[PDB]
Every structure is written in C-alpha cells, then in structure tokens.
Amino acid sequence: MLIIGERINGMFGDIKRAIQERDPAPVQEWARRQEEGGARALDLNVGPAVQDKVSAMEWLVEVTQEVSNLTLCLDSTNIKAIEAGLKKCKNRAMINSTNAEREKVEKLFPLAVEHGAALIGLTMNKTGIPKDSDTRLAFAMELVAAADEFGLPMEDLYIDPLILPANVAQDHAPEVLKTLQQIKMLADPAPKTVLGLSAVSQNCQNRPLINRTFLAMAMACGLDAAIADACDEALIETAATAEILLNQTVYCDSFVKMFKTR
C-alpha cells in the first residue's frame, strides 16, 4: 500500500495562503510530517483559488522537493500546470490525472510516458461518474488499452474508480469495491488501483473510522495506493496491517514501524 499524502492541497486554508503569499514553510512542514507518518508519495494540488495555477504547481514542486525525495503526485485538471510541474520535477512523478475522455487520453498518456511518470486514470468521461461497477470497469479497460496503445507500462497505470461520500452516495461504495476486484483479476501485467480515500467519509461522523474501514476493505480488493491522511496514525496502522493480512509483507511484531520506515 502506497499512501499518497493528501494535505498539500490548496483547498486547505493554510496551503491556499502559503501558495498565495509564496510562503514555503507551511508546505515544507506538511511534506515532512506526512513523510514521517509513512507516506511515500505527496499529492500536490494548488486549489481553485490561486490565480496563476501553472506557476503555482511549479512552485509547489520546487519547494517540496527541496525538503523531500518522495514521489510527487501532480494533482490538477490543468494539463499545462501538470506539464510545467513535470519539467520542474527532480524525482519520479505521478500524474493526477486523466479520465476516459479520448481528448485527455492522447495528451496525458504520451505525457506520462515522455516523463516516465505514473498515471492515474479515473473511470469516467464527460458523461459523468457511473454508479454500476460494470460501467466503471468498461472505462477502466479503455484506460488499460490506452496504456498499451501509447506504450505506458501497465504497472505505471493507477486506475481510480472514484469513491464518494458514504452518507449521500452510499450505494457507490460496494460498486467501487466490485470494480477494484474486477480490475484485480486482470492478467499480468495488471494495472494498479488508487482512490481519494477521504471522500468516502465527507460530512460523516467519525471520518477516521470510516476511512480506515474502507481502506482495509479496498485493499482486500486489490487497492495499491490511496491519496489519504498520512498523518492519521490509526489509518497508517490499517495500511500496514492490511498488507500483512494479504501476505504482501511478511509479519513481524513491529510491522507497523517497519511500514513507516521502509
């Protein structure tokens, strides 16, 4: 399980201000803390508030790699900002993301290959986020074929079925688990899977509990990565424990510690 730190996101007040005032301190501190928690990748989202998003992404990249060697997950719907971020990246990167829309596929897949970066693909297109697992799977397969079409190693493709809040979109959770399981059954080399975990508990009571529980469930269905709260110790425990229960990581009494220091 690859935990992709979610905190460096412009939606958060302290990050929005840091980006605006170009104050590296807050961002660099969240990079450190998240890595200390066990994250091995860092999601970098400038947010919708900042004016120049291209320049902002570049900045987030430069200030972050100054204090971290972790993989940078460039999170933005602005492809120009993504490209700009990649050109500044000193370490392996992740593109977050592309969807099944053909127009975006032919821009992001080649872009991912050009930079040897990982690519996150959402199971959806202009038509919207499908509920039924069969439809989500269909989009996933289109992404799979795309990885082969453009020469992207299947292992660098992370398919995201898009989890939603369990209190107002509850019927989506099981459809997500089913999609992940179907994707897990694909032949070698099979693609990977990811999820913006925290969305499952939006507006719910005891979000950490919901987050933990779903992470464990998702991992049982093949989940390989999760953009989530790397500073949530209980969550990190689950990640570590889940790997053990899937026999992905050999057991030892300090399995939690080993996960955070590997």
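In this text, residue numbers run from 1 along the sequence as written.
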| item | value |
| --- | --- |
| 236 to 244 set against 11 to 19, stretch whose average Cα temperature factor tops the other in the entry | 11 to 19 |
| 145 to 153 set against 118 to 126, stretch whose average Cα temperature factor tops the other in the entry | 145 to 153 |
| From 192, 178, 90, 172, residue of greatest CA B-factor | 90 |
| Identity of residue with top Cα B-factor, from 201, 45, 65, 213 | 65 |
| Lowest, middle or highest third - CA B-factor, residue 162 | lowest |
| Cα B factor band for residue 49 (lowest, middle or highest third within the chain) | highest |
| Third of the chain, ranked by Cα B-factor, where residue 252 sits | middle |
| Cα B factor band for residue 184 (lowest, middle or highest third within the chain) | middle |
| Chain thirds of CA B-factor: placement of residue 108 | highest |
